[PDB]
Structures are given as C-alpha cells and as structure tokens.
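The chain below stands alone, shown as structure tokens; this is the form deposited without its partner chain.
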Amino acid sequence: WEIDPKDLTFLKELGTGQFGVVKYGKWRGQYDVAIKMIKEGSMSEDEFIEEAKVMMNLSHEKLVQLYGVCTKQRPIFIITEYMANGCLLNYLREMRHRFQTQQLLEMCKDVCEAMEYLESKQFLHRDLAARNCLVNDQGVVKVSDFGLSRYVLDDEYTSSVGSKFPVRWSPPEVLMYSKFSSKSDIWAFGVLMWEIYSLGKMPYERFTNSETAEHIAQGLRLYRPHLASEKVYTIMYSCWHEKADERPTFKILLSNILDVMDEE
C-alpha cells in the first residue's frame, strides 16, 4: 500500500491533529482523501509502518479507512478516507445543522459499532471523546484508530504527574490507579454520548480538572441533556457504574441503542 506521490494532488489545509498537519487532497484524480504529514520526531519510519499495519488490519465501516502511505520521503504521508465534516466536537457545535434527536442517536450508534468491533479484537482506545471522532459528508461518524497508543494528551485534558489520562472522560479506577481496560472505554463512550446530546458542551463545566477527578470518586455523574430522552440517558448512565465489572459491553450497548432507536 505504498502510494506514488505523483498520484496525489494537495488541495488545501484542514488543520493539525495528532501526529501533524492534515490536508484535503485528491488521489488518482477522482478520490477525495485526507493526507496527514507525520511530524518529524513523532515516530520513526519503522514505528510508523508498524502503526500503519495495525490500522490496515482493523477493518470496519465505522473506522476511518487507510488507503496508503508515502514513506520514501520526509515527511511521511499517510492517506485515508476523507471526512469532510471534520472533528465531531466542532460539528456538534455548528448550529446550522439543527440536529434532530434521531440524528444524535445515529451518531451514538455509529461510534458504538466501531467500538464493538474494536472490543471484539481486544483493542483499546483510551481516548474516546468527540474531539477524536470524525464526520463524513453524509453525516456518518467514524473513529480513526491510527497510532492511538502514541496519542499525546494536551494540557487541557490532564491533571497528573507521570501517568496521564483525560480526566473528564475517565472512570474512577483510571483517575485513582491509571487502570485502563475495556471498561474504561465503556465509561468514555458514555461521556461521548453525553457530548453528542449536549451538542458539544464540556463535561463537568463547573469544576476544574483536579476538582472533577476528586468529585467523580465521590459519586459525581453527568446530568441528562435536554435532548436525551430518559431511555437514552439510561444507556449512557449504564456506562458509569462505579464498579467496572458492572458496566456493559459494546455489544450490549449497541443492542440497547438499536432497541431505543426502534422504539423512538
């Protein structure tokens, strides 16, 4: 899957994310692509290739698809499916869309399907949040899995020394013991559902990062967004059981989401 750079036309810049700048391009004249320029020093060529292999081997309609790489050059390019509506957090905050509640549940279903697939491969995300989901031209939400173990947590999200975690997306056992597991991805998925139904509000907005960490241990939970029915809130709230082993799996969550979608 090495791509000839002569088959790529760069159109314009999209922004900067994990591992570097992203541009909108065309591949072979007819395919929309995203092209990310791997920042020098973020990973070596061999480390990049190993991260790309992980991405290629994970295949699902709701995971952003790898198309190819350009490694005979610096910087390295990675070429993926183009997500024209960009990051989910920014998309939710764009009021021009006038989201219906059915559309919001469909976004949750999209991500839940991706996460059910990753769960079936025992693959952990560890930073699931609206800022790490993408939206295509059709409004479908997908997750990029590229290099997740190498993600850098920005200062906005952390409150610790040494071991870091995204405080407002983390269950009590991560906040206290840095104990990540499938069940911490479940917790974060619930927070993502809350972000979707709140149209991109920040979780726990009245508390600092350190206060949030303390208060979660002491039972703080996110309230029901106005756009979420009680049935939808039951689903996100099930992700937040104190005891990790009492939280559902992604397969159970998907079944619950489909049930509510059918009823509502």
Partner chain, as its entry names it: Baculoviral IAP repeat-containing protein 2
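Basically, rigid core = biggest C-alpha set you can superpose within 1.5 Å across the two forms. Positions refer to the first chain, counted from 1.
Omitted from view is the form deposited with its partner chain bound, to which the following refers.
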| item | value |
| --- | --- |
| Interface membership of residue 205, its partner chain in the bound PDB entry, 4.5 Å heavy atom rule | yes |
| 4.5 Å heavy atom contact, residue 163 to its partner chain in the bound PDB entry | yes |
| Touches its partner chain in the bound PDB entry: residue 26 (any heavy atom, 4.5 Å) | no |
| Touches its partner chain in the bound PDB entry: residue 84 (any heavy atom, 4.5 Å) | no |
| Entry of 82, 165, 91, 194 that shows, once the rigid core is matched between this form and the one not shown, a C-alpha shift of 2 Å or more | 165 |
| Core fit, then residue 232 C-alpha moves 2 Å or more between this form and the one not shown | no |
| Residue 218 C-alpha relocation of at least 2 Å between this form and the one not shown, rigid core basis | no |
| C-alpha of residue 153 off by 2 Å or more between this form and the one not shown on rigid core | yes |
| Pairwise C-alpha change, residue 212 versus residue 162, in the bound PDB entry against this form - closer or farther, 3 angstroms or more | closer |
| Outcome for the Cα pair residue 173, residue 164 in the bound PDB entry, compared with this form (closer or farther; change of 3 Å or more) | farther |
